[PDB]
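Asker:
Residue numbers (the entry's author numbering), protein chains in the order written: chain A, 2 to 395; chain A', 2 to 395. A prime marks a further copy of an entry chain.
1) For residue 94 of chain A', I'd like the list of residues in its chain whose CB is within less than 7 Å of its CB, leaving aside the five on either flank, ordered along the chain.
2) Quick check: the Cα distance between residue 78 of chain A and residue 278 of chain A, rounded to an integer number of angstroms?
3) For the region 246-254 of chain A' against the region 51-58 of chain A', do three or more pairs of beta-carbon atoms, one drawn from each stretch, fall closer than 8 Å, so that the two count as touching?
4) Restricting to runs no shorter than 4 residues, where is the alpha helix (DSSP H) found entirely within the region 350-392 of chain A'?
5) Just to confirm the assignment, what range does the alpha helix (DSSP H) spanning residue 108 of chain A' have?
6) Any chance the region 66-78 of chain A' sits against the region 60-69 of chain A, with 3 or more Cβ pairs inside 8 Å?
7) Using a Cβ-Cβ cut-off of 8 Å, state whether residue 30 of chain A counts as contacting chain A'.
8) How is the alpha helix (DSSP H) around residue 278 of chain A' delimited, first residue to last?
9) Check residue 246 of chain A' in the structure and name its three-state DSSP category.
10) What's the C-alpha gap between residue 310 of chain A and residue 354 of chain A?
11) Using the C-alpha atoms, what's the distance from residue 267 of chain A' back to residue 3 of chain A?
12) Alpha carbon to alpha carbon, how far is residue 369 of chain A' from residue 225 of chain A'?
13) Looking at residue 240 of chain A' and residue 263 of chain A', is the spacing between their C-beta atoms short of 8 Å?
14) Is it the case that the region 321-332 of chain A' contacts the region 285-297 of chain A', given that we only count it when at least three CB pairs across the two stretches are under 8 Å?
15) Once DSSP output is grouped into helix, strand and coil, what is the label at residue 317 of chain A?
16) Please return the same chain residues whose Cβ sits closer than 6 Å to the Cβ of residue 102 of chain A', not counting the five positions on each side in sequence.
17) Run down chain A' in chain order and give the residues with a C-beta less than 8 Å from the C-beta of residue 82 of chain A.
18) The alpha helix (DSSP H) with residue 239 of chain A' in it runs from where to where?
19) Over what stretch of residues does the alpha helix (DSSP H) that includes residue 19 of chain A' continue unbroken?
20) Express the C-alpha separation of residue 199 of chain A and residue 161 of chain A in angstroms, rounding to a whole number.
21) Exposed or buried, residue 91 of chain A, counting other C-beta atoms within 10 Å across all chains shown (16 or more means buried)?
22) Going along the chain, which unbroken runs of the alpha helix (DSSP H) with 4 or more residues stay wholly within the region 99-183 of chain A?
23) Using a Cβ-Cβ distance under 8 Å, would residue 334 of chain A' count as near chain A?
24) Check distances from the C-beta atoms of the region 113-134 of chain A' to those of chain A and list, in chain order, the residues that come in under 8 Å.
25) Relative to the C-alpha of residue 379 of chain A', which residue among A'/350, A'/203, A'/26, A'/127 is closest?
26) Could you pull out every residue in the same chain whose Cβ sits closer than 8 Å to the Cβ of residue 25 of chain A', ignoring the five residues on either side in sequence?
27) Which residue's Cα is closest to the Cα of residue 373 of chain A': A'/181, A'/45, A'/300?
28) Exposed or buried, residue 84 of chain A, counting other C-beta atoms within 10 Å across all chains shown (16 or more means buried)?
29) Can you check whether the C-beta of residue 342 of chain A' is within less than 8 Å of a C-beta belonging to chain A?
30) In chain A', which residues lie less than 7 Å from residue 262 of chain A when you measure between Cβ atoms?
31) Is residue 257 of chain A helix, strand or coil by DSSP?
32) Taking the alpha-carbon positions, what's the residue 213 of chain A' to residue 49 of chain A' distance?
33) Of all the residues that make up the region 36-61 of chain A, which are near chain A' by a beta-carbon distance shorter than 7 Å?
34) Count the other CB atoms within 10 Å of the CB of residue 130 of chain A'; is the residue buried (16 or more) or exposed (fewer)?
35) Since residue 182 of chain A' and residue 211 of chain A' are thought to touch, with beta carbons under 8 Å apart, how far apart are those beta carbons, to the nearest angstrom?
36) Going along the chain, which residues of its own chain have a beta-carbon closer than 8 Å to the beta-carbon of residue 339 of chain A', five neighbours each way excluded?
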């Protein structure tokens with residue numbers, strides 16, 4: 002029955018209002034492969050809103066590995082890994098990821114999102130504590146709410162606040178600190194040296210979500226612990242396959258005892274069907290290419306350094322990024338929606354960040370680089386962004 | 002740091018003990034397509050533990066649709082549907098599913114699990130209520146814990162308990178009842194006529210999780226509301242693509258206003274990458290086949306009726322199934338593990354259900370049918386189950 006349900010959703014008017022104003026630019030229906038240019042409404046659009054940092058979703062070797070796995074294993078495993086849904090190739094990919102991030106063992110999940118839910122829901126319990134950076138990804142927030150522990154946020158990269166909040170807690174309790182490695186929004190890197198120093202002093206477990214780090218920072222792209230040299234101070238390395246690795250799924254890697262506990266207790270791996278064969282093979286083939294072909298990471302960072310320097314030369318107000326995510330401040334929700342839609346209509350795709358996610362005065366567009374971008378495409382996008390920021394009177 | 006983390010996992014010994022006894026049969030590494038027979042350790046094994054109810058993961062038309070979508074769209078969309086991860090083919094599949102279950106609109110999620118998290122987390126809030134059948138799937142439990150509402154369980158298919166618990170609640174509050182359609186464990190069907198009658202009296206929203214119903218019950222497999230004729234008393238129809246539809250992903254279908262609210266507010270669709278092109282195409286091609294080829298549902302139910310009658314003729318104690326899930330009571334955890342492993346070693350794959358999921362005296366194996374099973378395979382599996390139940394002294 003719909004009376005009270007209709008009341009619950011009655012005040013949600015922003016989408017209605019964006020559509021009526023001709024500003025709506027969510028769920029844009031793309032007609033072609035994710036690439037540096039995409040087809041929308043039959044027209045070519047420069048893509049600066051992707052997470053495919055290495056441009057690998059179009060690599061013919063990765064496509065063919067996925068098509069070969071469909072031929073051999075079919076379209077799905079139709080069960081959780083726990084029961085009838087494990088393939089030899091899942092176990093292969095766990096062993097290859099464990100080697101890549103320097104840990105004993107890994108367990109796959111069918112999404113990155115579910116890879117956070119698993120460890121955060123089942124390791125800390127009643128009378129234990131989870132400590133979260135306040136800017137942590139939604140899936141970390143949600144995973145911790147699925148635990149039976151007390152969840153405490155600390156100020157963004159605020160080591161004095163992390164230390165003070167840990168200091169208040171009973172000695173006779175377990176603690177886990179979970180942090181993004183590279184943070185989605187502003188593209189900044191966690192203070193992993195100080196956070197791990199604090200963790201060692203309080204015997205707190207450390208988990209790092211490397212969704213935006215893997216393929217980006219660390220030796221051969223192995224992520225944030227690899228970037229800092231702190232493999233032996235991080236208990237759990239989480240990743241996704243949907244960004245650099247050009248697929249779908251994710252993992253958590255760690256000590257074999259912890260991982261065996263995880264793979265038999267995490268509801269998000271016991272009660273969810275396993276990754277499709279095509280995505281296992283695509284991830285395996287992408288992981289080989291990231292390591293064997295250093296040019297992809299090389300070219301991502303040349304494009305990042307070039308675009309950041311061009312944006313700063315043209316006087317754009319950038320956030321404190323340390324990654325291929327270039328946050329460009331606009332500081333008005335209305336102007337952020339307008340700029341986003343004007344850029345779309347001029348053939349440039351960027352992602353808006355608006356209230357209520359951020360305060361109006363911190364609203365921005367995110368301009369993300371891929372290895373496969375050209376300096377020409379970058380120059381065309383920044384040319385158009387200068388024109389639209391002028392038209393919009395930012 | 003690992004001291005307290007090591008203590009948290011120190012008491013988890015069942016897997017250690019199963020391995021040391023030679024009983025361990027979780028995460029069995031399959032080497033071939035999910036089918037009526039699978040390859041494990043180079044040897045053929047009859048598969049009676051699948052959720053591929055219509056045997057479609059091996060259908061060459063579905064394989065080829067998935068391989069064609071890889072060719073055209075590549076390996077991944079590398080973003081949430083909300084931003085850069087929507088394709089024309091996602092929207093197509095939403096429109097086709099909306100038509101199939103008789104609703105205005107649908108929103109895809111990248112797993113079935115995440116399809117529950119989305120509506121249960123974001124529709125009922127502070128001062129509202131979610132009412133859950135106590136046997137509801139883990140993902141429903143978890144989705145409701147992600148809401149800010151008060152979650153109340155009611156006795157399994159207990160309409161007097163549902164009615165009494167709703168009667169206690171403030172009038173000036175929103176309520177949502179969420180139920181499995183077909184329940185995973187015992188294969189029983191919700192009392193949807195009485196539950197919807199109660200829901201209408203209290204103006205509670207009704208959501209049905211049709212993971213085990215779609216492709217199984219309802220006209221042309223359209224699910225539990227279709228089975229009862231109660232489309233207009235169910236607000237939200239959730240499904241997965243990982244079972245009958247032979248893929249990965251899921252959906253929620255409902256009224257366009259509700260679905261627009263959902264697709265802009267559910268964290269599990271805003272902050273998780275979209276389904277791969279291959280799984281969109283496989284699901285679209287499977288959905289066509291389920292509707293156009295009635296023989297698949299036909300044959301699933303002939304196999305179910307034949308196997309249930311054979312099992313009852315041989316004196317097995319069955320649960321109160323109304324589906325292709327045949328729960329066979331053993332009522333000892335030790336015997337359940339032994340029977341499971343002995344059947345594996347004799348070339349028969351079934352799924353155990355043990356403490357702490359159920360009480361020892363209710364431990365059972367689940368024997369699930371597929372359309373593609375033969376009466377010969379059924380007879381061979383039941384022959385071997387009679388031999389092992391004798392050896393085990395059940």
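All residues carry an ideal CB built from backbone N, CA and C; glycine is no exception.
Answerer: According to the data block:
1) 109, 281, 284, 285
2) In a straight line, the C-alpha of residue 78 of chain A is about 8 Å away from that of residue 278 of chain A.
3) yes
4) none
5) Run containing residue 108 of chain A': none in the alpha helix (DSSP H); it sits in the beta strand (DSSP E), 106-110.
6) The answer is yes - the region 60-69 of chain A touches the region 66-78 of chain A', with three or more Cβ pairs under 8 Å.
7) yes
8) 278-293
9) coil
10) 22 Å
11) 19 Å
12) 19 Å
13) no
14) no
15) coil
16) 223, 238, 254
17) Neighbours of residue 82 of chain A on chain A', chain order: 28.
18) Unbroken run through residue 239 of chain A' is the beta strand (DSSP E), 237-241; no alpha helix (DSSP H).
19) 15-22
20) Spanning the two alpha carbons is a distance of roughly 10 Å.
21) buried
22) Inside the region 99-183 of chain A, DSSP marks whole alpha helix (DSSP H) runs of 4 or more residues at positions 113-123, 139-147, 160-168, from first to last along the chain.
23) Output row for residue 334 of chain A': interface = no.
24) 113, 114, 115, 118, 122, 124, 125, 126, 129
25) A'/350
26) 16, 19, 342
27) A'/300
28) Flag for residue 84 of chain A reads buried.
29) no
30) 10, 13
31) In the structure shown, residue 257 of chain A sits in a helix (DSSP, three-state: H, G or I).
32) 15 Å
33) 48, 50, 51, 52, 53, 58, 59
34) Residue environment for residue 130 of chain A': buried (at least 16 other C-beta atoms within 10 angstroms of its C-beta).
35) 4 Å
36) 24, 393
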